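Visitor: Quick one: the structure is below, and I'll ask about it shortly.
Protein chains: 2
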Amino acid sequence: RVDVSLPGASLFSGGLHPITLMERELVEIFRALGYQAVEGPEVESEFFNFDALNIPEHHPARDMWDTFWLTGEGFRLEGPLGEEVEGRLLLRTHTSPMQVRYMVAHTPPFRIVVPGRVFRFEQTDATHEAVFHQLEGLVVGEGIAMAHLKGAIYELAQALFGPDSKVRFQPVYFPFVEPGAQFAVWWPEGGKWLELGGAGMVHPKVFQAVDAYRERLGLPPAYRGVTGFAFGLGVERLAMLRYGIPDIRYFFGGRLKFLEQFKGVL
Amino acid sequence: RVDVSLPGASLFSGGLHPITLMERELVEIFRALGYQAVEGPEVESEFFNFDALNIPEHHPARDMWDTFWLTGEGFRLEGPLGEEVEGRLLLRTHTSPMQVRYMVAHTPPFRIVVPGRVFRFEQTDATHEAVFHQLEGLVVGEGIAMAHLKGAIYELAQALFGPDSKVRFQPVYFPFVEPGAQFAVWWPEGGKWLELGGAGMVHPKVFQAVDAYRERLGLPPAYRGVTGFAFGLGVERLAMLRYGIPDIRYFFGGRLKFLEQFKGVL
Ligand SMILES: N[C@@H](Cc1ccccc1)C(=O)O
Ligand SMILES: N[C@@H](Cc1ccccc1)C(=O)O
């Protein structure tokens, strides 16, 4: 007899990592809203990570990010236009520096979303990591207002949690935005207010840093008569609440018994 | 010796059909503009294919579509709300009937794009087919104007052919739109004006047919104070110009030597 219910050739079946899944969904959501995804480098200079974003040194505000400083010659970090740049190297503490790199290399109006791995010197536990992911958002152009930032997050919530979903905005501080704000979303199933990220209207000094670097590079100013909003949200926190994952350390853990569990969600 | 440059296990490598590729790119382009993709049935009733779209019978305008009529009992065609519907069956001669199905099942404002296989009784040659594909576009809502239709096509052209690309609109006739129009795009490489499809502001009678079917079904009217634009473009013509394909008959031909050639473009 030709047993048809017998195991067939053991061809391998692949899968995508949960962060890749979460990031993808997040990118899909924003693509539908007109956002384009671009990435930045993990090793940045203090200039892009801090100074260009209105976060000076010995600044009590620079303590909001526990930085990993680097050392070593021979490494050539290129700027927005491929040009080699200088400054104390570090691991970006957020994706925000990409806001600056992009703006000097392009012209408004535009919509970008920049995903990426970030690093912060912290003790890795159940809900904390030294290595995680963020997703930046940047929309610049004439007449761009905070009403648009609120509109963006509102669409994010709807797409993420359904029609019974809602967002709340509260003032908060960031050197690169003003007005500044933190936003939370209403997750119906969990019946809880989830804090997703921060945002605001691009700070006046950011545009100045951008155009200053531009002239210093030969390009003409492109940000004097425009405004914009930016936002940044943590990927793991969201991936966890969405795939029901208890420990954030698994993401980098490597357990196949763990990763394999997302072959379904592709 | 362990020859490392020797052929490895012959694992199969798949691929996607050129129309799937073209359709995907077209859907990606419109998703970025806020459009969502929904499909309709290939076997339609005269009501959705013609009557609901202001194309009555014995109408000199109904001759713009060479219809394939069908026969046979036992077949149960369901309407927008799953309800069984009646009328002379046929193979849709375009995707347009989906405009009607969607509108009765949802509420404005929205943006849809409906891809799909269509059929027309014609002699299949080098640049003609009885079985091809179209991509519909429908955007409805308060204050929606033709300026938006032109804006849509403009973005389509840019995304498809680059910044040196441009679109031209000329009046043309369609029973389901008014104003009516045909649009062509400027393809820089070929230095020629390509005619892509037709479009216009949803015809007043279409909205009426929609709301009439709605009440006849218990739903409340939803299209009395809105306007909208619609467009439809041929997929093969575009796929051909874009992948440099000479004969439109290949698509359905089945030659692996042909299909295999698009494993690259995924
Ligand atoms: N970079 C910020 C997030 C953020 C991005 C953009 C604007 C405002 C806040 C952080 O690490 O928290
Ligand atoms: N259905 C039309 C195309 C079209 C769609 C929508 C509006 C106008 C024209 C055709 O077959 O040519």
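Protein chains in written order, with the authors' numbering: chain A, 85 to 350; chain A', 85 to 350. A prime marks a further copy of an entry chain. All C-beta atoms, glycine included, are put in the ideal place defined by N, C-alpha and C.
1. Quickly, what does DSSP pair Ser129(A') with across the bridge? List them, please.
2. For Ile139(A'), I'd like the list of residues in its chain whose CB is within less than 7 Å of its CB, leaving aside the five on either flank, ordered along the chain.
3. For the 8 Å Cβ check, are there 3 or more pairs between the stretch 242–251 of chain A' and the stretch 266–278 of chain A'?
4. Output needed for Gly163(A'): all residues of its chain with C-beta closer than 6 Å, excluding positions within five of it in sequence on either side, in chain order.
5. In this structure, how does DSSP classify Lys250(A') when only helix, strand and coil are distinguished?
6. Below 8 Å between beta carbons: does that hold for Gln218(A') and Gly200(A')?
7. Consider the Cβ of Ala116(A): report whether some Cβ of chain A' lies at a distance smaller than 8 Å.
8. Spell out the partners DSSP gives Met230(A') in its beta bridges.
9. To the nearest angstrom, how far is it from the Cα of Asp209(A') to the Cα of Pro330(A')?
10. Given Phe342(A'), which residues of its chain have a CB within under 7 Å of its CB, disregarding the five upstream and five downstream residues?
11. I want to check one thing, is the minimum distance from the CB of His178(A') to the heavy atoms of ligand 3 below 7 Å?
12. Just to confirm the assignment, what range does the beta strand (DSSP E) spanning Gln183(A) have?
13. At a threshold of 7 Å, does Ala283(A) count as lining ligand 1 (C-beta to nearest heavy atom)?
14. Among the residues of its own chain, which have a CB less than 7 Å from the CB of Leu105(A), if the five just before and after it don't count?
15. Report yes if the CB atom of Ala283(A') is closer than 8 Å to the CB atom of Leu322(A'), and no otherwise.
16. Just to confirm, does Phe335(A) get its C-beta within under 7 Å of one of the non-hydrogen atoms of ligand 1?
17. Since I believe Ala293(A') is in contact with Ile113(A') (beta carbons under 8 Å), could you give me their beta-carbon distance rounded to a whole number of angstroms?
18. Does the distance between the C-beta of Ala229(A) and the nearest non-hydrogen atom of ligand 1 fall short of 7 Å?
19. Do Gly171(A') and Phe131(A') have their C-beta atoms within less than 8 Å of each other?
20. Cβ atoms of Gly225(A) and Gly312(A): under 8 Å apart, would you say?
21. Given a threshold of 16 other Cβ atoms within 10 Å of its Cβ, counted over all protein chains shown, does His287(A) qualify as buried or as exposed?
Guide: On the basis of the supplied data:
1. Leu173(A')
2. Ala145, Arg146, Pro259
3. Contact check between the stretch 242–251 of chain A' and the stretch 266–278 of chain A': three or more CB pairs, one atom from each, fall below 8 Å, which counts as touching.
4. Contacts found: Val169.
5. Residue state, collapsed to three classes: coil.
6. yes
7. yes
8. Beta-bridge pairing links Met230(A') to no other residue.
9. Each residue's alpha carbon lies about 11 Å from the other.
10. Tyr334
11. Although ligand 3 was asked about, the structure shown includes only ligand 1 and ligand 2 as ligands.
12. Where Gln183(A) is concerned, there is no enclosing beta strand (DSSP E), although the alpha helix (DSSP H) it sits in stretches over 181–189.
13. Indeed, a heavy atom of ligand 1 lies less than 7 Å from the Cβ.
14. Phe346, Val349, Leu350
15. no
16. no
17. 30 Å between Cβ atoms; not a contact.
18. no
19. yes
20. yes
21. buried
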